[PDB]
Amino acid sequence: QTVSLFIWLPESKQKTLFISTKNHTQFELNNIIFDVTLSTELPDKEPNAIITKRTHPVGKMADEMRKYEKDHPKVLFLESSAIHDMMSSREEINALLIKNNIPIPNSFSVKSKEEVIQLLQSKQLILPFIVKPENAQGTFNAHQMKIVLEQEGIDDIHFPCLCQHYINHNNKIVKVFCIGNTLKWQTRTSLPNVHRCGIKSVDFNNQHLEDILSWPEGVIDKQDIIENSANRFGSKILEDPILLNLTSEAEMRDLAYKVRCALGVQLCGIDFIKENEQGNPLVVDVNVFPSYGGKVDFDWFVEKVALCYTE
């Protein structure tokens, strides 16, 4: 049997994702011949599956994608407009995680300051909390965060947004990347433990972690400033999370399967932290079709996508 897989990615994504690329490749896996094509443009001829990350929620690619899906219903998408749309909403992601009993830090999707005030006053939302935009993917603004340390720190929040209790997790985050059942994982630095010293809020963009160098004195312990300032608080690779005793392979596989089932996604990245590095994994982010650690092997990627397709 033959299966055609078509990888539809802009050059920008191709460059961040792959060490190198091939326009066309053919291989056998589990008694099936796979023909794989890579292009920046949609296929002229209908494949069995299109493998794609939509670059931005709105624009030409989004429009082309929806039209193509409607007009070619037999083509499997990894991943579809509907999946990208859901994963562009922090509300929708977290609602599905909650519905499927996947631990997260306590989270509230809010549309206004009055709502935040009511959650604080009723002791549902506990300080400190991180404020994440409702829009989750494809813009600089999607990654613009505020940590609210005191009630007064709510004044400049951008709505709508997710308010999520801030967990002191000792500045380690576990990243689990999935191509279906195939996983790759790592530990990175994250954010420092924070202190409620009187400062009302601080801000950072997750793409510009050097913002943290400008936080007022007292929010971060002086030793944490010493340990992280040389790297400008950048997201740095650490030792393997199993070797660090942060998690186990079985835990990561279980969690990843649960998340994939909850969200109906095959190509994703899951971020989790642990309070004081102990206890349940707390999922803080799920991303569609991530970078897989960046600069991955093209042949590896396509074989694992084919395996996923068969399953």
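Each residue number is its position in the shown sequence, starting from 1.
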Margin query: If you take the mean CA temperature factor per stretch, which one wins between 152 to 160 and 166 to 174?
Written below: 152 to 160
Next item on the list: Taking the mean of the C-alpha B-factors per stretch from the entry, tell me the winner out of 51 to 59 and 258 to 266.
Entry: 51 to 59
Margin query: Maximum C-alpha temperature factor per the entry, among 253, 66, 45, 274, belongs to which one?
Written below: 45
Check: For the listed 205, 100, 235, 112, which has the peak Cα B-factor recorded in the PDB entry?
Finding: 112
Margin query: Which third, lowest, middle or highest, does the C-alpha temperature factor of residue 189 belong to within its own chain?
Written below: lowest
Notebook entry, point to check: Based on the entry's values, in what third of the chain does the Cα temperature factor of residue 138 lie: lowest, middle or highest?
Noted result: highest
Note to self: Lowest, middle or highest third: which one holds residue 71 when the chain's residues are ordered by CA B-factor from the entry?
What the structure shows: lowest
Notebook entry, point to check: Once the chain's modelled residues are ordered by C-alpha B factor and cut into thirds, is residue 123 in the lowest, middle or highest one?
Noted result: highest
Notebook entry, point to check: Split the chain's modelled residues into thirds by Cα B-factor; is residue 245 in the lowest, middle or highest one?
Noted result: middle
